[PDB]
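Colleague: Would you be able to build a 3D model of this:
(chains A, B, C, D and E, ligands or ions: 4)
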Amino acid sequence: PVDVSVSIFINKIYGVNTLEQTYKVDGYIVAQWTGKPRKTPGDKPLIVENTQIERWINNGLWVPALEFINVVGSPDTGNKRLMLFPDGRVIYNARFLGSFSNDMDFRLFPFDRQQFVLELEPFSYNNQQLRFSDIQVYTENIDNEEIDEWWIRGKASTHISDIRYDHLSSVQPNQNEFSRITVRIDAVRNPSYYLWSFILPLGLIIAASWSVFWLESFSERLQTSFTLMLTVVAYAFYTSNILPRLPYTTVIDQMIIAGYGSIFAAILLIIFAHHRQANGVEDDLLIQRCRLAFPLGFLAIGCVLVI
Amino acid sequence: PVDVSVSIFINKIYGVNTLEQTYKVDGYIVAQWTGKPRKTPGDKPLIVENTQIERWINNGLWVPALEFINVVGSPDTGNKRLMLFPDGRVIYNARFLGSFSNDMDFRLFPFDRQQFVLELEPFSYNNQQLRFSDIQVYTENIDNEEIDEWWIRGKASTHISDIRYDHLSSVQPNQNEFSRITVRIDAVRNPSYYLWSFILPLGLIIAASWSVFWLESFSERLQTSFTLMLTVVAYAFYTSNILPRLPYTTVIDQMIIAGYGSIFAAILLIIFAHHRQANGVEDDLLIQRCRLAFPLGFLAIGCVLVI
Amino acid sequence: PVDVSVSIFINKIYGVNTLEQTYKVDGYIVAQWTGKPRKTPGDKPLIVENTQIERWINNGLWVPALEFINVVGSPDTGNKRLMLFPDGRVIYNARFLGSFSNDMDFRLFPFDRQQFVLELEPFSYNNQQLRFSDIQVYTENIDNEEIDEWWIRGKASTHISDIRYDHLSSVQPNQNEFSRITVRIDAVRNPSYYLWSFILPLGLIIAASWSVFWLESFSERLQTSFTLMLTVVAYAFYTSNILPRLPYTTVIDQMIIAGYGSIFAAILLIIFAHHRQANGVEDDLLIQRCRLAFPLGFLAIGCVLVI
Amino acid sequence: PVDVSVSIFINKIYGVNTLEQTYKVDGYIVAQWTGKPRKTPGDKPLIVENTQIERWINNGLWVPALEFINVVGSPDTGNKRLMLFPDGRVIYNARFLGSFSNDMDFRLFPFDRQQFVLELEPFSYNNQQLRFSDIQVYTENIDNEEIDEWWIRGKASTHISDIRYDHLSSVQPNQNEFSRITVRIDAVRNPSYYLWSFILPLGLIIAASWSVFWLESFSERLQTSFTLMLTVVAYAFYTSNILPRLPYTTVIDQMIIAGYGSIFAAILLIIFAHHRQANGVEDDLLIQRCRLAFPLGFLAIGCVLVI
Amino acid sequence: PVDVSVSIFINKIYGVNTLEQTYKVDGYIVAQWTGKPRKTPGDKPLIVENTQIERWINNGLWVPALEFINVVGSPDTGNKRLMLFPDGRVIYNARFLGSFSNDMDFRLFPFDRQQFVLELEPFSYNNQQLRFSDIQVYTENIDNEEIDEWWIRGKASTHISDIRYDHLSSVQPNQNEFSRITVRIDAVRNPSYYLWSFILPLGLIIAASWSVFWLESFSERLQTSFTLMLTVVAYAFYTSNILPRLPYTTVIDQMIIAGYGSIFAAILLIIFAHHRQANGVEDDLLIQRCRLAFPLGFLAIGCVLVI
Ligand code: NA
Ligand code: NA
Ligand code: NA
Ligand code: NA
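Modeller: Numbering: from 1, shown residues only, chains lettered A, B, ... in the order given. Ligands and ions are numbered 1, 2, ... in the order given. Here you go, the structure:
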């Protein structure tokens, strides 16, 4: 086989699309293998820039096509390099930018722990014709974390495995196993803005909706509950415009549903309080002392739903 | 004719545009036919990478252009492969990404059952010069369904048919029939988020609008109805920003129209109740006992409109 | 001159941009002319696929450049074909997708009748060197109309005319007239969603704003009118997010302006009713019986503005 | 030097981006110069289509690169033409589409008067090697103005000037002056939709906020003022979604600020009216007769801010 | 080594993406080095336009690839120039447009001071084979500042440094140091629109929420506080649509949180005032005189949070 050493430099990770489960990765890829010796002009190694590699390819130089498995479409290739040492080894350097797909479980959204995966594999050559010797990912771009949306934690996990394709045994007797490189970069979301601007106003609004049982008349309680329901709808429409459009509920979504249920239960209990009188001579006083049990029940509901 | 075996690998299906009735499909396409034998260098088969296939094409190698019938514009072709076995058979491998168009009936939106169709056909060669032998679509990318917007159900349906073009008989005597491959991938929408965040708050809001007949004064009922109508407008504007912009009504749209009609009928009945008095000495009491018939009538309306 | 027969196939029409007055058309274009006879390899006609037409062009084969006059920018050309019959005639087949511009009067928006125009003309050759013999547009893609945003009505109108350019007489003595093909495809908008979700809630909201004169106190009428004005602003912001951003008013826009004027006139008449008393001893009763003339006046205003 | 006559045809002007201060222009550019005579095949002039001009360029034909100075990025070049007359003169025709940048003062937004500028200049050749003889811009596409967002007024102003670059004197002794063509196309915005849907509802809402001093109780005036402030916030959010995102205030922005100040001053004066009583025995009657001076003061403020 | 003088012209800076921490820069880049003398045709220097530089590159002319380090993806290269003087020196001129990445601290958003950085470096050649002699950035495009979103202050700071790569010592003994050019362009945001349309209505709304303690009844104070909370939610949703989507709080965000806390504290103090009575015979008068201490406490909170 042919041994290839891979070095991957990460410049930035951005553009996390939540519905598409994709994200953009910009950086360099370095590939280095060894072939038959050639006589470069002079003792110095010969460097081939962009748009001159194809001349060497047409002349007969061997170079493999290293695609990304999880990239969506084609990467945006910048400058590309091919440096030909006279002892025999060839170094390929290129710059890429593309949308890379992964699973990215977005449940528990403000406190996510999702890793970014770059999968690399030769497009054509199997384990018997092309092996990956080692990969050292240099994700050295680590900076201050308070201005970063994604907190890159730890170091990039690198692994080399063999991938066997079951359909390729129809045309190939024993050589259908491909060498693959997988890169794991674990990241944590910056939770400060969401916690300070979405979770806390939800708590204040839900306590405001708790505050309806301190009124003295049934009519005032009813119109107060309707205005509170309008407030919750307005805040739901406010948070829908900012939060990602993932196809399932997050903590903020369940908190909004909980506030909806709190207002509906408040309406039901105040109506049942008003009409518990036998002939209209009783007062709605015994059951309306749930002002110190409605928030405790809501806190129990929250403690159940968080855990 | 020339026999071509097609293998299609599906990597991901995403980007379902509802107004345009299109969707994105990313994956590989494998084509395999047989020609005259050639002497490859050595006993091993010769592999042609990207941007070297055109040299073989200009030299005289025959390769057909397999377009997608329902793709919109041009697919985003990634790496492409041409592997030339010495016994005679040629394997073409390429990666595509493009927007594929279909019918995609979006009535009954949260509980959709819509299939994704990939239609393939040679661009130039008819049934007498190019036949498709068989297709085996490997849509093996099946994962956990609770984090997927689209639930890919079952297995991909594959069929090979002959398509006859009526206009081509003006220039061709008897050979105007083209071979086509059609692929069906049935999917079901993930209904949990819509059911938990849109259907249930609609029910709570509609029950809140039912709650106006439990008030005691005509004026309070009127201002309560106006605040409720504002709530329904706010929630309609909330759901318009999230739901797709399809050109017809879904279940949520008819539920919003039903809430509009409920509030308008409530206004009409409370006004007619207030002025049913002959000289202002009667009380609005007989007709205002529709507090237990307005929701039953609405439930009958819902049972009629759902079925 | 040289005679060219054109066949245009329409696959889909979509992406109607209202502010830009453009729309996307995807389909095929077929051109067929006749030249000097050539000896194709064998008795069968020779077919030239994509990226091999340029070799024949450089070798000396004549082929004209048929641009679209009203396309914006460049069309997205898919696969292209050139089939060379041995008797002499050449058939050019290509697939296009681009944004085509037209007038598209969007007044009376829900009940529009706007035609989609494709204009075709040789880029270089005039009437004396290139004539269009006939065009038969095959817009055969006609389906069920209840799931289509645009109802394609009738058949495509085809016409061939000569276009004379006045500036080209400065360099050319008598040959400055170009042959042009114009295609008309008339379409009608699907009006069901707009009529059921925008026109009807406007009528319900305007009748609700009519309902303020049935109150009994001046203060209640004032706060009711202010809440109704907030409702109209909310619904205006709701319909602005969905309706197209054309630079002039549609029926919904004039209906919103009419509701604005209704609420303002209601405020003015209730204030003038309250202060028509000489010393505060009169009652606001004679002029407040406009509860059955304010909607009739609004209906007259609507009947005037619709016609 | 070499004389070049330029003819520019404007097809459409659209896509005015206000924050970026750019706009899209689609049309043709014609360039015509004269060189040494050549023997075309036959007496007829030889026409070079697209993708064959580069063959003539490589063979030795001289053609200059005419860039647009104010275009952003690269124009989207459609079909290009090169027609070679046998007497010696060469005509270059090409189609362009790109984003052109200008100043475009967007103060006084509904009644704007902004011109669209296309600047043209050779990329390489100075005044001593390439001169522009004359330009005649054919902006003949003039149509009915009631369906056009931008009213193209008058005729295109054309001027040819010499541009001297001060840095190029470091490498060039006396030849650093470049010939430039500047085109002015003055346009007026269509003000009907903004005036009918934004200015008039602002006036109605501001008169509604004027209407609070006709109430009889301090509490009713306070809650009415708070509901009016909510109405103004809602309308501000309504107009923010539609109006352009220019970095400074327009007439609508100052009108919204004026309404904000009107409601705040109303709150301050009603509170100061309620507590001007010495011991609560006086009535808030002398200062509350500003119902006919608050709108006059606002009209004076408007007359000052408009002029 | 080889000395290269760089001249960079800035045409416009726009498109500041806050979440991506990128921005667009359009302009020219001039590179000038010296090589072996060549015999140009005639005494005049020979100019190579676009799409003819590759012919000289294939023939053997040396030209380096100067990439931008911080550009995202590939720049949109317009026309490119190569002018070959006969004494030996070569001038390379090209036009670029791309998204350049930087840190761009967006804390204290309306009064930002952020610099735009362009980093330039040869793609292949180190300090021993390619040195940058000097750079003179001509950012001469300075205009009136009242219509500019970004106020370009001062002059562009230029610096040339050597960058040493630690990984390249594995293949290179002593030559792993690269020459880099860094350009600083400091800019100040235009703060007038934000200060006049966001900060001032926040102050008016917060003073309106201060105004609740001047009411006379506990119920009126409660419903007034709920309407005020709805107003704050509406204004929060209004400012979320316009302000950038940076992942942390700005001054407007903390002001909105402060208004939320003010309304919640007002609700808590009025409820505690109502129920401080021993048997309902006391009046809520001693603690309700915080009408002149609630705004002073808020002003102290603002003075603490601003500093
Ligand atoms: Na609202
Ligand atoms: Na919105
Ligand atoms: Na929006
Ligand atoms: Na209210």
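
Colleague: burial measure for residue A:127, as a count.
Modeller: By other C-beta atoms under 10 Å in any protein chain shown, 18 other residues sit near residue A:127. To be clear about C-beta, it is placed using only N, CA and C from the backbone, and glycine gets the same treatment.

Colleague: same for the longest strand seen in chain A, what does it pack against?
Modeller: Longest strand of chain A, by residue count under DSSP state E: strand A:3-17. For strand A:3-17, the packing partners by 3 or more C-beta pairs under 8 Å, 6 or more residues apart in numbering or on different chains; DSSP states H and E come out as strand A:22-34, strand A:113-122, strand A:131-138, strand A:150-152, strand A:177-189.

Colleague: how does it look with 6 Å?
Modeller: strand A:22-34, strand A:131-138 (3 or more C-beta pairs under 6 Å, 6 or more residues apart in numbering or on different chains; DSSP states H and E).

Colleague: Throw those into JSON lines and include distance to residue D:225 and mean neighbour count, thanks.
Modeller: Listed next are the helices and strands packed on strand A:3-17 as JSON lines, based on distance: least, C-beta to C-beta, whole Å; neighbours: other C-beta atoms under 10 Å in any protein chain shown:
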{"stretch": "strand A:22-34", "distance to residue D:225": "49", "mean neighbour count": "20"}
{"stretch": "strand A:131-138", "distance to residue D:225": "62", "mean neighbour count": "16"}
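
Colleague: need the residues of chain A near chain E, please.
Modeller: A:14, A:26, A:47, A:49-50, A:76, A:78-79, A:81, A:97, A:147, A:149, A:190, A:192-193, A:196-197, A:201, A:204, A:211, A:214, A:220, A:227, A:231, A:234-235, A:238, A:242 (C-beta under 6 Å from any C-beta of the partner chain).

Colleague: ChimeraX command for the buried members of those?
Modeller: Per 16 or more other C-beta atoms under 10 Å in any protein chain shown, the buried members of the residues of chain A next to chain E correspond to this ChimeraX selection:
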select /A:14,26,47,49,50,78,79,81,97,147,149,190,193,197,201,204,211,214,220,227,231,234,235,238
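
Colleague: hmm, back to that, looking at the helices and strands packed on strand A:3-17, which is closest to residue D:257?
Modeller: strand A:22-34 (40.1 Å; C-beta to C-beta).

Colleague: one step back: for the longest strand of chain A, the distance to its chain's centre please.
Modeller: The chain centroid and the centroid of strand A:3-17 are separated by 16 Å under C-alpha atoms, centre = their mean, to the nearest Å.

Colleague: Number of residues surrounding the nearest residue to residue A:18 once chain neighbours are set aside?
Modeller: Distance criterion C-beta to C-beta, 6 or more residues apart in numbering or on different chains; nearest residue to residue A:18, sequence neighbours excluded, is residue A:244 at 3.8 Å. Close neighbours of residue A:244, defined as other C-beta under 10 Å, add up to 11.

Colleague: try residue A:114
Modeller: 19.

Colleague: Name whatever forms a beta bridge with it.
Modeller: Residue A:114 has the following beta-bridge partners by DSSP bridges: residue A:187.

Colleague: Roughly how far does it sit from residue A:150?
Modeller: Separation of residue A:114 from residue A:150 (C-beta to C-beta, to the nearest Å): 9 Å.

Colleague: Taking the centroid of chain A, which residue is nearest it?
Modeller: Closest residue to the average C-alpha location of chain A: residue A:104 at 4.7 Å, with C-alpha atoms, centre = their mean.

Colleague: I figured that one hits residue A:20, correct?
Modeller: No: counting by C-beta atoms under 6 Å, residue A:104 does not reach residue A:20; the two are 9.7 Å apart.

Colleague: And residue A:27, how close does it get to residue A:10?
Modeller: 5 Å.

Colleague: Please name the nearest non-neighbouring residue to the residue of the stretch 101-250 of chain A found nearest chain D.
Modeller: The stretch 101-250 of chain A approaches chain D most closely through residue A:234 (9.7 Å), counting by C-beta to the nearest C-beta. Among residues not flanking residue A:234 along the chain, residue E:233 sits closest, at 5.0 Å (C-beta to C-beta, 6+ apart).

Colleague: what do you get for residue A:69?
Modeller: residue A:119 (3.8 Å).

Colleague: Could you do residue A:137 as well?
Modeller: Counting by C-beta to C-beta, 6+ apart, the residue nearest residue A:137 is residue A:156, at 4.1 Å.

Colleague: Could you check how far the one you found is from chain C?
Modeller: 38 Å (C-beta to the nearest C-beta, to the nearest Å).

Colleague: For that residue, give me its contacts.
Modeller: A:137, A:139, A:183, A:185 (C-beta atoms under 6 Å, 6 or more residues apart in numbering or on different chains).
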